[PDB]
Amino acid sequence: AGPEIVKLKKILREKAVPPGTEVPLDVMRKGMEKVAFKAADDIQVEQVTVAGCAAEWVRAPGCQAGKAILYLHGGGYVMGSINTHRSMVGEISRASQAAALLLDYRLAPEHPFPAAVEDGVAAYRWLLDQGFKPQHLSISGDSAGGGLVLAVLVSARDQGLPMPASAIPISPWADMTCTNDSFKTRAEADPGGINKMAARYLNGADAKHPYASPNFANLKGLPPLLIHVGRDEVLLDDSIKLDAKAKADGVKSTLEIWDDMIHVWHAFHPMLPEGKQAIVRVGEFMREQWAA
């Protein structure tokens, strides 16, 4: 075992709604805004707009000259925002000695798929039109953000974009049909409302569309991947298959299933030792890919 996730699973259990209570969308969004972590005080921010989206360049101490991270936040594609993900991304910047571009890409259901892919690609392109050098770039992202990381890669590659040096999807949702065992096998260990979000993002598009659900994509050509995911999460299967397909596709990845972990446990770094360490390790990984 270990005891910090025990306290914290108990905590998260008492705060989740029931099973299948039906939460409005602005009620869910404000929820997330109201309980989002304050970024550490040593982190600095600087707002920018990019491809018509608001953004923050998110810089911790340490940050090196050429380097950058296109960070994409999770939230189901229908929620989450610079603010909800500022704290964790600070930490990932601290661990990786790079500044992050923390994108407020378009959300459904006002902006359905392929909107948020069109934003990712456009931000990446922008980083390049700023003269960040592909091999100095990394791209990372939790949850829905994690699948998008992929989707932006396939997408940018299809359009002739030089690939970045690493990509680090965290607990990615890369399969919008949500049909994987882990939704059953793993359900009792996590805290379908995730299907309503597909429906919201998809808005009737092919749910196996490569750019929506990149576990059905051609990944041939993409850069070394490090994929994080907790044994006690519903989304486990999405991460193993991500690893399978990459393998299948020529790509390097290191799947690291962390046990007794839950969805994006990184986000609980302020009170969670594995939080802190998973983040450190995300850092080592892009630093490693960059040193190469």
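For every residue, the number given is its place in the sequence shown, counted from 1.
Legend entry - Residues of the deposited sequence left unbuilt between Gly192 and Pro191: Going from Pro191 to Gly192, the model skips 4 to 9 residues of the deposited sequence.
Legend entry - Per the entry, higher mean C-alpha B factor between 99-107 and 178-186: The deposited B-factors put 178-186 ahead on the C-alpha mean.
Inset, instruction - Pick between 128-136 and 76-84: the one whose mean CA B-factor in the entry is higher. - result: Per the PDB entry, the higher value belongs to 128-136.
Inset, instruction - Please rank the C-alpha B-factors of the chain's modelled residues and tell me whether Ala248 sits in the lowest, middle or highest third. - result: Highest third - that is where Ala248 ends up once the chain's C-alpha B-factors are sorted.
Legend entry - Among modelled residues of the same chain, the CA temperature factor third for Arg13: Its C-alpha B-factor belongs to the highest third of this chain's values.
Inset, instruction - Can you work out whether the C-alpha temperature factor of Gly230 puts it in the lowest, middle or highest third of the chain? - result: Answer is middle: the recorded C-alpha B-factor places it there.
Inset, instruction - Within this chain's modelled residues, let me know which third the CA B factor of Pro223 belongs to: lowest, middle or highest. - result: It belongs to the middle third of the chain when residues are ordered by C-alpha B-factor.
Inset, instruction - Select lowest, middle or highest to describe the third in which the CA B-factor of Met197 falls within its chain in this entry. - result: Within its chain, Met197 is a highest-third residue by C-alpha B-factor, going by the deposited values.
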